[PDB]
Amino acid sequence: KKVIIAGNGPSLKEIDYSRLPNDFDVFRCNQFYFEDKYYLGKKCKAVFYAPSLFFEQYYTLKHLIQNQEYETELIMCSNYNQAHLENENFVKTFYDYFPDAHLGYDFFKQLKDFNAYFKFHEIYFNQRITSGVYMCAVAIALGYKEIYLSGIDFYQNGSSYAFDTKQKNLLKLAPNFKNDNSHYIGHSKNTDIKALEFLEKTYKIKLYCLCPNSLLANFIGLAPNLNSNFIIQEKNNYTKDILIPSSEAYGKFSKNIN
């Protein structure tokens, strides 16, 4: 199958749907569910969460599924086996706390050349790919060959996500969202582009751009027009903030955070 990999940049709201492939899987990450409409449908092949709020995102995802807001086959933690990026015990006990999820690194590390590329840039130059690029790597390891990108906009003029992230619960869990620039300073356009180009060339897969007005389109060729249809389903009374587990839950998980 073809895969659609979606960041949460503004271009998530400016997909050119006439270019949407006929039969695809969808990869979403992080606060994707803050979206005000189902820009890519409610069915996900995989959802990816950073290690830092994985405990609360997993909880929240279960509520989303129970609520029939989204479905997903795979749940991925976007880890790297780096002490500075993730809690060591969290990773060691992962499959025992989250038996229906995966460590994304199980797949990422299958791309040796890209693992090496990432680590060198991260460790020595503080140049860190974003989640969207990480999902691409995992897609490639899973055997996907045609990758359609959207919602990747390189944090222009602030973090500027495709939705309002200033929500009480997320702000309390992750105070970095209080300010306009909440993402890692080590991210950049060039870093993401160079990484994507490395992946395409190294693993001989194909990248397409679904959003013609995104800066991404200056670097990645457009998905072909197919005259596809898409009705964007609206959302109302939806989950638009992360949920906070009880203090008893935190206590049971306390060896696995910080």
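For every residue, the number given is its place in the sequence shown, counted from 1.
If you average the C-alpha B-factors over 205 to 213 and over 44 to 52, the higher value belongs to 205 to 213. Relative to its counterpart among 132 to 140 and 173 to 181, 173 to 181 has the higher mean temperature factor, C-alpha atoms as listed in the PDB entry.
Highest CA B-factor among 156, 82, 188, 126, as stated in the entry: 156. When the CA B factors of the chain's modelled residues are split into thirds, the value for residue 219 lands in the highest one. Per the deposited record, the Cα B-factor of residue 111 falls in the lowest third when ranked against the other modelled residues of its chain.
Among all modelled residues in this chain, the alpha-carbon of residue 161 has a temperature factor (C-alpha) in the highest third. The deposited CA B-factor of residue 73 belongs to the middle third of values across its chain. Among all modelled residues in this chain, the alpha-carbon of residue 230 has a temperature factor (C-alpha) in the highest third.
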